[PDB]
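Source file: start.cif. Holds: mmCIF, C-alpha atoms.
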data_target
loop_
_atom_site.label_atom_id
_atom_site.label_comp_id
_atom_site.auth_asym_id
_atom_site.auth_seq_id
_atom_site.Cartn_x
_atom_site.Cartn_y
_atom_site.Cartn_z
CA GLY A 774 71.44 58.25 96.93
CA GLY A 775 73.36 57.46 93.78
CA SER A 776 73.63 59.28 90.47
CA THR A 777 74.83 58.79 86.90
CA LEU A 778 77.38 61.56 86.39
CA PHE A 779 79.22 62.29 83.14
CA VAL A 780 82.98 62.84 83.08
CA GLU A 781 83.65 65.17 80.15
CA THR A 782 86.93 65.92 78.38
CA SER A 783 87.90 68.49 75.78
CA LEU A 784 91.01 69.78 74.01
CA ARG A 785 91.24 73.36 75.28
CA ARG A 786 94.27 74.27 73.12
CA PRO A 787 95.44 73.35 69.59
CA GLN A 788 97.35 70.08 69.44
CA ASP A 789 100.32 71.28 67.36
CA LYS A 790 101.89 74.48 68.63
CA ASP A 791 105.25 73.25 67.31
CA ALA A 792 105.62 69.94 65.49
CA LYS A 793 109.13 69.73 66.96
CA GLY A 794 107.88 70.87 70.37
CA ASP A 795 108.51 68.36 73.18
CA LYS A 796 106.37 70.15 75.77
CA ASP A 797 103.99 68.70 78.35
CA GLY A 798 100.30 68.08 77.81
CA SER A 799 99.14 69.99 80.88
CA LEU A 800 95.72 69.05 82.24
CA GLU A 801 93.14 71.38 83.78
CA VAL A 802 90.46 69.89 86.04
CA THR A 803 87.27 71.30 87.57
CA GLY A 804 84.41 70.02 89.71
CA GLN A 805 85.16 71.65 93.08
CA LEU A 806 87.81 68.97 93.43
CA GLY A 807 89.57 68.31 96.72
CA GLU A 808 93.28 67.67 97.07
CA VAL A 809 92.88 63.89 97.12
CA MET A 810 90.66 64.10 94.04
CA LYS A 811 93.28 66.23 92.28
CA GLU A 812 95.93 63.62 93.05
CA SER A 813 93.64 60.81 91.86
CA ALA A 814 92.99 62.67 88.60
CA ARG A 815 96.74 63.16 88.16
CA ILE A 816 97.31 59.44 88.73
CA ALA A 817 94.62 58.58 86.18
CA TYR A 818 96.17 61.00 83.68
CA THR A 819 99.61 59.42 84.05
CA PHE A 820 98.16 55.91 83.78
CA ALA A 821 96.28 56.89 80.62
CA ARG A 822 99.49 58.30 79.13
CA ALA A 823 101.39 55.10 79.94
CA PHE A 824 98.58 52.90 78.61
CA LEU A 825 98.52 54.83 75.34
CA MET A 826 102.30 54.63 74.98
CA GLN A 827 101.95 50.86 75.50
CA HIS A 828 98.99 50.29 73.16
CA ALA A 829 99.29 53.16 70.64
CA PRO A 830 102.91 54.37 70.78
CA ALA A 831 102.39 56.62 67.75
CA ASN A 832 99.50 58.46 69.47
CA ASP A 833 101.16 61.51 71.05
CA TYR A 834 97.75 63.14 71.61
CA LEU A 835 97.70 62.62 75.37
CA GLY B 774 98.27 50.87 113.55
CA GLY B 775 100.53 49.67 110.77
CA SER B 776 99.89 49.12 107.09
CA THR B 777 101.50 47.79 103.92
CA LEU B 778 101.47 50.57 101.32
CA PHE B 779 102.55 49.86 97.75
CA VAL B 780 104.86 52.57 96.44
CA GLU B 781 104.22 52.71 92.70
CA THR B 782 106.04 54.22 89.74
CA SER B 783 105.17 54.90 86.11
CA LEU B 784 106.58 56.64 83.04
CA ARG B 785 104.22 59.57 82.49
CA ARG B 786 106.03 60.83 79.37
CA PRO B 787 107.86 58.92 76.62
CA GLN B 788 111.46 58.01 77.34
CA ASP B 789 113.00 59.10 74.02
CA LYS B 790 111.74 62.57 73.19
CA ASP B 791 115.11 63.12 71.49
CA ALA B 792 117.82 60.47 71.29
CA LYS B 793 120.37 63.29 71.49
CA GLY B 794 118.32 64.99 74.23
CA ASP B 795 120.31 66.23 77.23
CA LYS B 796 117.29 67.32 79.28
CA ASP B 797 116.68 66.18 82.85
CA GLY B 798 114.49 63.25 83.84
CA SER B 799 112.03 65.14 86.04
CA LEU B 800 110.22 63.24 88.81
CA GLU B 801 106.68 64.00 89.99
CA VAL B 802 105.51 62.71 93.37
CA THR B 803 101.97 62.30 94.73
CA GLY B 804 100.56 61.05 98.01
CA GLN B 805 99.76 64.24 99.94
CA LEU B 806 103.49 64.93 100.08
CA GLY B 807 104.84 67.04 102.89
CA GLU B 808 107.93 69.21 102.65
CA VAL B 809 110.17 66.74 104.48
CA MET B 810 108.73 63.93 102.36
CA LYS B 811 109.43 65.94 99.20
CA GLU B 812 113.06 66.37 100.25
CA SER B 813 113.37 62.68 101.17
CA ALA B 814 111.92 61.68 97.79
CA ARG B 815 114.43 63.95 96.04
CA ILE B 816 117.27 62.38 98.04
CA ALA B 817 116.08 58.88 97.14
CA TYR B 818 115.77 59.87 93.47
CA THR B 819 119.32 61.23 93.39
CA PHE B 820 120.70 58.16 95.15
CA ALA B 821 118.89 55.85 92.72
CA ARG B 822 120.30 57.81 89.78
CA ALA B 823 123.86 57.61 91.13
CA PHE B 824 123.44 53.91 91.96
CA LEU B 825 122.29 53.23 88.40
CA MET B 826 125.33 55.02 86.98
CA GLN B 827 127.62 53.06 89.30
CA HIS B 828 125.97 49.69 88.58
CA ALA B 829 124.44 50.02 85.08
CA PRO B 830 126.10 53.01 83.38
CA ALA B 831 124.37 52.31 80.05
CA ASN B 832 120.93 52.65 81.72
CA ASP B 833 119.91 56.23 80.99
CA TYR B 834 116.27 55.45 81.84
CA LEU B 835 116.31 57.16 85.23
CA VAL B 836 118.49 60.11 84.19
CA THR B 837 116.43 60.94 81.06
CA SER B 838 112.79 60.06 81.74
CA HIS B 839 109.88 61.94 83.28
CA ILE B 840 108.46 59.71 86.01
CA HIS B 841 105.54 59.78 88.44
CA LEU B 842 105.82 57.90 91.73
CA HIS B 843 102.95 57.54 94.20
CA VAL B 844 103.52 56.84 97.89
CA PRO B 845 100.13 56.02 99.48
CA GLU B 846 99.23 58.30 102.36
CA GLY B 847 98.37 57.33 105.92
CA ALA B 848 101.82 57.23 107.47
CA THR B 849 102.47 59.82 110.15
CA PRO B 850 104.82 62.56 108.88
CA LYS B 851 107.62 61.51 111.24
CA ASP B 852 107.49 58.05 109.64
CA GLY B 853 107.19 59.44 106.10
CA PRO B 854 110.92 59.29 105.38
CA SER B 855 110.90 55.58 106.27
CA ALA B 856 109.46 54.99 102.78
CA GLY B 857 112.62 56.41 101.19
CA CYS B 858 114.31 53.03 100.84
CA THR B 859 111.22 51.59 99.16
CA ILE B 860 111.12 54.48 96.69
CA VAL B 861 114.67 53.71 95.59
CA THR B 862 114.09 50.08 94.65
CA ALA B 863 110.81 51.03 92.98
CA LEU B 864 112.56 53.40 90.60
CA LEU B 865 115.38 50.93 90.06
CA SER B 866 112.91 48.21 89.11
CA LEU B 867 111.20 50.56 86.66
CA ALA B 868 114.64 51.28 85.21
CA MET B 869 115.50 47.60 84.63
CA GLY B 870 111.94 46.28 84.36
CA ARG B 871 112.82 43.52 86.83
CA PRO B 872 109.92 43.03 89.27
CA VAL B 873 110.89 43.07 92.93
CA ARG B 874 110.96 39.65 94.58
CA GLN B 875 107.49 38.53 95.63
CA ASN B 876 106.28 38.71 99.24
CA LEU B 877 109.06 41.11 100.23
CA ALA B 878 108.60 44.17 102.45
CA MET B 879 111.04 46.92 103.36
CA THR B 880 111.20 50.14 105.37
CA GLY B 881 114.20 52.42 105.72
CA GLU B 882 115.56 55.94 105.44
CA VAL B 883 118.22 56.84 102.86
CA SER B 884 120.81 59.59 103.33
CA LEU B 885 121.77 60.56 99.75
CA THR B 886 124.61 58.02 99.91
CA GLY B 887 122.54 54.85 100.33
CA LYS B 888 123.12 54.24 104.04
CA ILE B 889 119.99 53.23 105.92
CA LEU B 890 118.95 54.89 109.19
CA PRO B 891 116.70 53.50 111.95
CA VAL B 892 112.94 54.02 111.93
CA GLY B 893 110.01 53.86 114.34
CA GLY B 894 106.97 51.65 114.66
CA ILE B 895 108.92 48.46 114.01
CA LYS B 896 106.46 46.28 115.93
CA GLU B 897 103.37 47.63 114.16
CA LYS B 898 105.04 47.38 110.75
CA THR B 899 106.05 43.78 111.48
CA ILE B 900 102.46 43.01 112.49
CA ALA B 901 101.22 44.50 109.23
CA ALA B 902 103.80 42.45 107.33
CA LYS B 903 102.71 39.23 109.03
CA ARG B 904 99.04 39.99 108.38
CA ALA B 905 99.80 40.83 104.72
CA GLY B 906 101.40 37.43 104.05
CA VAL B 907 104.92 38.72 103.35
CA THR B 908 107.63 36.26 104.38
CA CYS B 909 110.78 38.32 103.68
CA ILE B 910 111.33 41.67 105.40
CA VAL B 911 114.09 44.29 105.34
CA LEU B 912 114.99 46.56 108.25
CA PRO B 913 117.97 48.73 109.20
CA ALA B 914 120.51 47.15 111.51
CA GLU B 915 119.98 49.93 114.06
CA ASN B 916 116.38 48.71 114.53
CA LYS B 917 117.43 45.08 114.94
CA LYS B 918 117.05 45.03 118.73
CA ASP B 919 113.50 46.35 118.38
CA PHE B 920 112.77 43.44 116.04
CA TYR B 921 114.44 41.03 118.48
CA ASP B 922 112.52 42.39 121.48
CA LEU B 923 109.34 40.97 119.91
CA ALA B 924 107.86 37.60 120.78
CA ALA B 925 108.80 34.48 118.83
CA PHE B 926 105.23 33.65 117.76
CA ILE B 927 105.06 36.94 115.81
CA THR B 928 108.21 36.27 113.73
CA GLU B 929 107.47 32.84 112.21
CA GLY B 930 108.33 32.67 108.52
CA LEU B 931 109.87 36.16 108.47
CA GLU B 932 113.24 35.65 106.78
CA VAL B 933 114.47 38.96 108.16
CA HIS B 934 117.23 40.81 106.30
CA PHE B 935 119.06 43.44 108.34
CA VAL B 936 121.09 46.04 106.45
CA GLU B 937 123.02 49.28 106.92
CA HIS B 938 123.74 50.28 103.30
CA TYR B 939 121.34 50.09 100.37
CA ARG B 940 123.74 47.93 98.33
CA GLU B 941 122.75 44.83 100.32
CA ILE B 942 119.08 45.37 99.48
CA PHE B 943 119.87 45.41 95.76
CA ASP B 944 121.37 41.95 96.28
CA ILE B 945 118.17 40.84 98.07
CA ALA B 946 115.29 42.31 96.07
CA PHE B 947 117.09 41.82 92.74
CA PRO B 948 118.80 38.45 93.30
CA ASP B 949 119.55 37.66 89.64
CA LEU C 712 119.37 59.56 131.84
CA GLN C 713 116.98 60.49 134.64
CA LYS C 714 114.22 58.50 132.93
CA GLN C 715 116.49 55.47 132.53
CA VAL C 716 117.74 55.54 136.13
CA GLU C 717 114.16 55.96 137.37
CA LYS C 718 113.08 52.97 135.28
CA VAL C 719 115.83 50.73 136.66
CA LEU C 720 115.05 51.88 140.21
CA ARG C 721 111.34 51.19 139.70
CA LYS C 722 112.06 47.67 138.48
CA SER C 723 114.42 47.17 141.43
CA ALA C 724 111.61 48.27 143.75
CA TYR C 725 109.28 45.73 142.14
CA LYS C 726 111.95 43.03 142.43
CA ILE C 727 112.34 43.93 146.12
CA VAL C 728 108.73 44.24 147.32
CA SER C 729 107.39 41.06 145.69
CA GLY C 730 110.51 39.70 144.00
CA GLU C 731 112.81 37.14 145.55
CA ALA C 732 115.74 39.58 145.69
CA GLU C 733 115.84 41.55 148.94
CA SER C 734 118.67 43.69 147.54
CA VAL C 735 119.83 44.65 144.05
CA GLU C 736 123.38 44.98 142.70
CA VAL C 737 122.91 46.41 139.22
CA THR C 738 125.59 45.43 136.69
CA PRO C 739 125.74 45.59 132.89
CA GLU C 740 125.12 41.83 132.79
CA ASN C 741 121.87 42.36 134.70
CA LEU C 742 121.21 45.70 133.00
CA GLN C 743 119.68 44.06 129.93
CA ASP C 744 116.63 43.06 132.00
CA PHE C 745 116.33 46.31 133.98
CA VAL C 746 116.08 48.57 130.92
CA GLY C 747 116.35 46.35 127.81
CA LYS C 748 118.82 46.05 124.98
CA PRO C 749 120.85 49.16 124.09
CA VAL C 750 119.38 51.71 121.69
CA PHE C 751 122.38 53.72 120.48
CA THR C 752 124.65 50.94 119.25
CA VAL C 753 126.70 53.30 117.04
CA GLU C 754 128.62 56.35 118.24
CA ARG C 755 127.99 57.90 114.81
CA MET C 756 126.37 57.38 111.43
CA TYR C 757 129.62 55.74 110.29
CA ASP C 758 133.39 55.90 110.73
CA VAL C 759 134.61 55.87 107.11
CA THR C 760 133.24 59.09 105.55
CA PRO C 761 133.17 57.95 101.90
CA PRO C 762 133.97 60.42 99.12
CA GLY C 763 131.69 63.44 98.86
CA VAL C 764 130.51 63.40 102.49
CA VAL C 765 132.07 65.21 105.45
CA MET C 766 131.24 65.54 109.13
CA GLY C 767 130.43 68.92 110.67
CA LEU C 768 129.19 70.41 113.92
CA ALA C 769 125.83 72.12 114.46
CA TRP C 770 124.60 74.32 117.31
CA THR C 771 120.97 73.22 117.28
CA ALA C 772 118.30 74.32 119.75
CA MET C 773 118.56 71.07 121.74
CA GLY C 774 122.29 71.44 122.31
CA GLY C 775 124.94 70.45 119.79
CA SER C 776 125.06 67.73 117.15
CA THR C 777 127.29 66.15 114.52
CA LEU C 778 125.71 66.32 111.07
CA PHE C 779 127.10 64.76 107.89
CA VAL C 780 126.98 67.04 104.85
CA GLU C 781 126.58 64.64 101.94
CA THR C 782 127.12 65.09 98.20
CA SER C 783 126.17 63.00 95.19
CA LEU C 784 126.41 63.21 91.40
CA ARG C 785 122.73 63.39 90.43
CA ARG C 786 123.50 63.39 86.68
CA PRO C 787 126.26 61.76 84.60
CA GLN C 788 129.47 63.76 84.39
CA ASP C 789 129.90 63.59 80.60
CA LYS C 790 126.70 64.30 78.70
CA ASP C 791 128.98 65.40 75.84
CA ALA C 792 132.72 65.96 76.16
CA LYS C 793 132.31 69.09 74.04
CA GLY C 794 129.42 70.12 76.31
CA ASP C 795 130.34 73.39 78.02
CA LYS C 796 127.29 73.76 80.28
CA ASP C 797 127.85 74.62 83.93
CA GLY C 798 127.30 72.16 86.76
CA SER C 799 124.03 73.35 88.28
CA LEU C 800 123.71 72.47 91.97
CA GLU C 801 120.72 71.06 93.84
CA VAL C 802 120.45 71.46 97.61
CA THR C 803 118.15 70.16 100.35
CA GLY C 804 117.85 70.25 104.13
CA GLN C 805 115.17 72.89 104.69
CA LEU C 806 117.78 75.37 103.52
CA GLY C 807 117.01 78.99 104.33
CA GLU C 808 117.53 81.94 102.03
CA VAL C 809 120.73 83.03 103.76
CA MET C 810 121.87 79.41 103.83
CA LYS C 811 121.09 79.16 100.11
CA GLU C 812 123.35 82.15 99.49
CA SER C 813 126.06 80.65 101.71
CA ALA C 814 125.85 77.35 99.82
CA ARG C 815 126.22 79.19 96.52
CA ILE C 816 129.24 81.08 97.89
CA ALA C 817 130.85 77.84 99.07
CA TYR C 818 130.14 76.21 95.70
CA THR C 819 131.84 79.03 93.81
CA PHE C 820 134.80 79.03 96.20
CA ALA C 821 135.24 75.27 95.78
CA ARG C 822 135.10 75.72 92.00
CA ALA C 823 137.81 78.39 92.15
CA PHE C 824 139.91 76.28 94.53
CA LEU C 825 139.80 73.37 92.09
CA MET C 826 140.66 75.81 89.30
CA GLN C 827 143.79 76.83 91.21
CA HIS C 828 144.87 73.44 92.57
CA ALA C 829 143.69 71.13 89.76
CA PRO C 830 142.77 72.89 86.49
CA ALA C 831 142.47 69.55 84.68
CA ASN C 832 139.62 68.58 87.05
CA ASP C 833 136.52 69.93 85.31
CA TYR C 834 134.35 67.70 87.52
CA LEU C 835 133.01 70.45 89.78
#

Kindly return the structure encoded in the file as structure tokens.
Amino acid sequence: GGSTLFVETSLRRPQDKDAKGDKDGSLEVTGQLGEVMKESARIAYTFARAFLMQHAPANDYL
Amino acid sequence: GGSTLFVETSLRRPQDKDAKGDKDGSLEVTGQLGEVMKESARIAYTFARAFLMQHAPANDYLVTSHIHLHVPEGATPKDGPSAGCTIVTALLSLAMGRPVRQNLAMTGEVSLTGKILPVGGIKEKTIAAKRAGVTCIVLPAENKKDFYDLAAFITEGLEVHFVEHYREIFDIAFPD
Amino acid sequence: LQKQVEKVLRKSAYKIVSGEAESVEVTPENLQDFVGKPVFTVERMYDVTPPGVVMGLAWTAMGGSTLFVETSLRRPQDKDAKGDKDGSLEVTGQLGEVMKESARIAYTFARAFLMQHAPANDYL
């Protein structure tokens, strides 16, 4: 059948290691994910980053 | 059979981390990439970079920007490199923001200098193009006979565009 | 070549048994219908060899071949005229470890050769 799952997200490391730091916001994913699911999650992550840079350019959270 | 896969690109990290910044514009590729496909994507990326310097030197978008490109999977590995040409224009569009001309399809293999090599499955790809509504298609000149060995009733409305070097395609997809 | 000759002979046999022609005199003019349009229209990838690309010979498993070693500038030459950073090299082609070392050796030798023959050329 179907189900109502919950996709959860959390910040597993402090936001500001170095205010000057220009490092990547690496993403860790679980859920016994397959390769195609990992690629889909990566695509969604990149799209979210682009959407934020379009809508909230000052929000460097993601 | 054949298919019409949309190679996509996006800027997964802000362009100007540092206006002075001299860091490299990394590229990340998805689509169940194989090793040969990884190398072909790198070749296409380098050719697009060099083409941008030659044509639009002031455009540092491709040199300094971290990009993610997705090539949809499904193509047999031997035909994977045939997406190379596509990749190039994709990136170039993202660099200049100019959308590629509508109802235009293309398949080709780049060789780090822009020259386009023959490919396989021309008939199936043409069938997919016709079924997808595209009216302008791009193929390497070396495949031209394979496109001319087809029936007439399968090539109506296909304003074919044969090429041997990528420059021509930039004059087709980006007319103005 | 055996496959192609067998194909033309098979089509000649068809043209003989049921076809009007009792005998066949194959010529290039007729050849287009016996086997189709030519495949290998070019003797090579090209005949100009633009800058940064050179032809070479390879002893592959399926005999010999002519492979074009290509080069491109994958990053602008002058990030900063003062900039003293070295010209890192990227390489592809399923390069092996020993081939990676050989490519590095060739890169350094080319750099030294330019040093000797054209010191003003800091390109490489």

The distance between CA of residue 826 in chain B and CA of residue 840 in chain B is 17.5 Å

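Proximity ranking of C:828, C:786, C:726, C:793 relative to chain B places C:786 first, based on all atoms listed in the file.
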
Target residues per the PyMOL selection byres ((chain C and resi 763) around 12), formatted as an NGL selection string: (:B and (885-886)) or (:C and (759-762 or 764-766 or 779-784 or 835))

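Residues from chain A that have an atom within 9 Å of chain B, counting all atoms listed in the file, are residues 795, 797, 808, 809, 812, 813, 815, 816, 818, 819, 820, 821, 822, 823, 826 and 830 of chain A.
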
Run through the PyMOL selection byres ((chain C and resi 801) around 12) on the given coordinates and return the selected residues as a JSON list (two decimals) with C-alpha atoms, keeping the file's coordinate frame.
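As a result, expr-v8.json now contains:
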[["chain", "number", "residue", "atom", "x", "y", "z"],
["B", 812, "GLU", "CA", 113.06, 66.37, 100.25],
["B", 815, "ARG", "CA", 114.43, 63.95, 96.04],
["B", 816, "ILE", "CA", 117.27, 62.38, 98.04],
["B", 819, "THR", "CA", 119.32, 61.23, 93.39],
["C", 781, "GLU", "CA", 126.58, 64.64, 101.94],
["C", 782, "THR", "CA", 127.12, 65.09, 98.20],
["C", 783, "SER", "CA", 126.17, 63.00, 95.19],
["C", 784, "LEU", "CA", 126.41, 63.21, 91.40],
["C", 785, "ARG", "CA", 122.73, 63.39, 90.43],
["C", 786, "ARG", "CA", 123.50, 63.39, 86.68],
["C", 798, "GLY", "CA", 127.30, 72.16, 86.76],
["C", 799, "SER", "CA", 124.03, 73.35, 88.28],
["C", 800, "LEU", "CA", 123.71, 72.47, 91.97],
["C", 802, "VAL", "CA", 120.45, 71.46, 97.61],
["C", 803, "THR", "CA", 118.15, 70.16, 100.35],
["C", 804, "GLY", "CA", 117.85, 70.25, 104.13],
["C", 806, "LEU", "CA", 117.78, 75.37, 103.52],
["C", 811, "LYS", "CA", 121.09, 79.16, 100.11],
["C", 814, "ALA", "CA", 125.85, 77.35, 99.82],
["C", 815, "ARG", "CA", 126.22, 79.19, 96.52],
["C", 818, "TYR", "CA", 130.14, 76.21, 95.70]]

Within 12 Å of residue 751 in chain C, counting all atoms listed in the file, which residues show up once you throw out same-chain ones fewer than 6 positions away? Write them as a list in words, please.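 Using all atoms listed in the file, the neighbours found are residues 890, 891, 914, 915, 916, 917, 918 and 919 of chain B.
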
Exactly which residues make up the result of the PyMOL selection byres ((chain B and resi 872-883) around 8) on this file, given as an MDAnalysis selection string? chainID B and resid 813 816:817 854:859 862:863 866 870:871 884:892 902 906:913 939 946:947

Using C-alpha atoms, can you write the selected residues to a file as a PDB file, in the frame of the given file?
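Written out: again-v9.pdb:
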ATOM      1  CA  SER B 813     113.370  62.680 101.170  1.00  0.00           C
ATOM      2  CA  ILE B 816     117.270  62.380  98.040  1.00  0.00           C
ATOM      3  CA  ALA B 817     116.080  58.880  97.140  1.00  0.00           C
ATOM      4  CA  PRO B 854     110.920  59.290 105.380  1.00  0.00           C
ATOM      5  CA  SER B 855     110.900  55.580 106.270  1.00  0.00           C
ATOM      6  CA  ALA B 856     109.460  54.990 102.780  1.00  0.00           C
ATOM      7  CA  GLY B 857     112.620  56.410 101.190  1.00  0.00           C
ATOM      8  CA  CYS B 858     114.310  53.030 100.840  1.00  0.00           C
ATOM      9  CA  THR B 859     111.220  51.590  99.160  1.00  0.00           C
ATOM     10  CA  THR B 862     114.090  50.080  94.650  1.00  0.00           C
ATOM     11  CA  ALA B 863     110.810  51.030  92.980  1.00  0.00           C
ATOM     12  CA  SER B 866     112.910  48.210  89.110  1.00  0.00           C
ATOM     13  CA  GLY B 870     111.940  46.280  84.360  1.00  0.00           C
ATOM     14  CA  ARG B 871     112.820  43.520  86.830  1.00  0.00           C
ATOM     15  CA  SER B 884     120.810  59.590 103.330  1.00  0.00           C
ATOM     16  CA  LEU B 885     121.770  60.560  99.750  1.00  0.00           C
ATOM     17  CA  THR B 886     124.610  58.020  99.910  1.00  0.00           C
ATOM     18  CA  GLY B 887     122.540  54.850 100.330  1.00  0.00           C
ATOM     19  CA  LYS B 888     123.120  54.240 104.040  1.00  0.00           C
ATOM     20  CA  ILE B 889     119.990  53.230 105.920  1.00  0.00           C
ATOM     21  CA  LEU B 890     118.950  54.890 109.190  1.00  0.00           C
ATOM     22  CA  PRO B 891     116.700  53.500 111.950  1.00  0.00           C
ATOM     23  CA  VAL B 892     112.940  54.020 111.930  1.00  0.00           C
ATOM     24  CA  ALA B 902     103.800  42.450 107.330  1.00  0.00           C
ATOM     25  CA  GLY B 906     101.400  37.430 104.050  1.00  0.00           C
ATOM     26  CA  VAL B 907     104.920  38.720 103.350  1.00  0.00           C
ATOM     27  CA  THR B 908     107.630  36.260 104.380  1.00  0.00           C
ATOM     28  CA  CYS B 909     110.780  38.320 103.680  1.00  0.00           C
ATOM     29  CA  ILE B 910     111.330  41.670 105.400  1.00  0.00           C
ATOM     30  CA  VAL B 911     114.090  44.290 105.340  1.00  0.00           C
ATOM     31  CA  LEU B 912     114.990  46.560 108.250  1.00  0.00           C
ATOM     32  CA  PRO B 913     117.970  48.730 109.200  1.00  0.00           C
ATOM     33  CA  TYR B 939     121.340  50.090 100.370  1.00  0.00           C
ATOM     34  CA  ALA B 946     115.290  42.310  96.070  1.00  0.00           C
ATOM     35  CA  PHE B 947     117.090  41.820  92.740  1.00  0.00           C
TER      36      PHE B 947
END

What is the CA of residue 780 in chain A to CA of residue 825 in chain A distance in Å? 19.1 Å

Please complete range 815-828 of chain C with N, CA, C and O atoms and give it back as a PDB file, in the frame of the given file.
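New file part_2.pdb:
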ATOM      1  N   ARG C 815     125.728  78.725  97.810  1.00  0.00           N
ATOM      2  CA  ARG C 815     126.220  79.190  96.520  1.00  0.00           C
ATOM      3  C   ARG C 815     127.637  79.742  96.634  1.00  0.00           C
ATOM      4  O   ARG C 815     128.494  79.471  95.780  1.00  0.00           O
ATOM      5  N   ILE C 816     127.903  80.516  97.689  1.00  0.00           N
ATOM      6  CA  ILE C 816     129.240  81.080  97.890  1.00  0.00           C
ATOM      7  C   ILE C 816     130.262  79.963  98.046  1.00  0.00           C
ATOM      8  O   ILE C 816     131.347  79.999  97.452  1.00  0.00           O
ATOM      9  N   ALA C 817     129.934  78.959  98.861  1.00  0.00           N
ATOM     10  CA  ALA C 817     130.850  77.840  99.070  1.00  0.00           C
ATOM     11  C   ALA C 817     131.069  77.069  97.772  1.00  0.00           C
ATOM     12  O   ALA C 817     132.186  76.623  97.489  1.00  0.00           O
ATOM     13  N   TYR C 818     130.012  76.896  96.978  1.00  0.00           N
ATOM     14  CA  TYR C 818     130.140  76.210  95.700  1.00  0.00           C
ATOM     15  C   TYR C 818     131.110  76.942  94.782  1.00  0.00           C
ATOM     16  O   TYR C 818     132.009  76.333  94.186  1.00  0.00           O
ATOM     17  N   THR C 819     130.948  78.261  94.665  1.00  0.00           N
ATOM     18  CA  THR C 819     131.840  79.030  93.810  1.00  0.00           C
ATOM     19  C   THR C 819     133.275  79.001  94.334  1.00  0.00           C
ATOM     20  O   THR C 819     134.229  78.905  93.549  1.00  0.00           O
ATOM     21  N   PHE C 820     133.453  79.086  95.656  1.00  0.00           N
ATOM     22  CA  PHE C 820     134.800  79.030  96.200  1.00  0.00           C
ATOM     23  C   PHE C 820     135.454  77.683  95.938  1.00  0.00           C
ATOM     24  O   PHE C 820     136.647  77.614  95.631  1.00  0.00           O
ATOM     25  N   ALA C 821     134.695  76.593  96.079  1.00  0.00           N
ATOM     26  CA  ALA C 821     135.240  75.270  95.780  1.00  0.00           C
ATOM     27  C   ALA C 821     135.619  75.168  94.308  1.00  0.00           C
ATOM     28  O   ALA C 821     136.658  74.590  93.962  1.00  0.00           O
ATOM     29  N   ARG C 822     134.782  75.718  93.427  1.00  0.00           N
ATOM     30  CA  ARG C 822     135.100  75.720  92.000  1.00  0.00           C
ATOM     31  C   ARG C 822     136.412  76.449  91.740  1.00  0.00           C
ATOM     32  O   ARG C 822     137.280  75.956  91.009  1.00  0.00           O
ATOM     33  N   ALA C 823     136.580  77.628  92.344  1.00  0.00           N
ATOM     34  CA  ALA C 823     137.810  78.390  92.150  1.00  0.00           C
ATOM     35  C   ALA C 823     139.013  77.670  92.755  1.00  0.00           C
ATOM     36  O   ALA C 823     140.118  77.710  92.198  1.00  0.00           O
ATOM     37  N   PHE C 824     138.821  77.019  93.903  1.00  0.00           N
ATOM     38  CA  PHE C 824     139.910  76.280  94.530  1.00  0.00           C
ATOM     39  C   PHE C 824     140.373  75.139  93.639  1.00  0.00           C
ATOM     40  O   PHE C 824     141.577  74.895  93.504  1.00  0.00           O
ATOM     41  N   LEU C 825     139.428  74.415  93.035  1.00  0.00           N
ATOM     42  CA  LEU C 825     139.800  73.370  92.090  1.00  0.00           C
ATOM     43  C   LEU C 825     140.484  73.962  90.863  1.00  0.00           C
ATOM     44  O   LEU C 825     141.444  73.386  90.339  1.00  0.00           O
ATOM     45  N   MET C 826     139.996  75.111  90.391  1.00  0.00           N
ATOM     46  CA  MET C 826     140.660  75.810  89.300  1.00  0.00           C
ATOM     47  C   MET C 826     142.132  76.030  89.617  1.00  0.00           C
ATOM     48  O   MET C 826     143.010  75.768  88.787  1.00  0.00           O
ATOM     49  N   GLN C 827     142.414  76.518  90.825  1.00  0.00           N
ATOM     50  CA  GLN C 827     143.790  76.830  91.210  1.00  0.00           C
ATOM     51  C   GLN C 827     144.619  75.561  91.390  1.00  0.00           C
ATOM     52  O   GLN C 827     145.734  75.455  90.866  1.00  0.00           O
ATOM     53  N   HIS C 828     144.089  74.588  92.130  1.00  0.00           N
ATOM     54  CA  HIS C 828     144.870  73.440  92.570  1.00  0.00           C
ATOM     55  C   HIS C 828     144.816  72.267  91.593  1.00  0.00           C
ATOM     56  O   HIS C 828     145.708  71.412  91.628  1.00  0.00           O
TER      57      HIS C 828
END
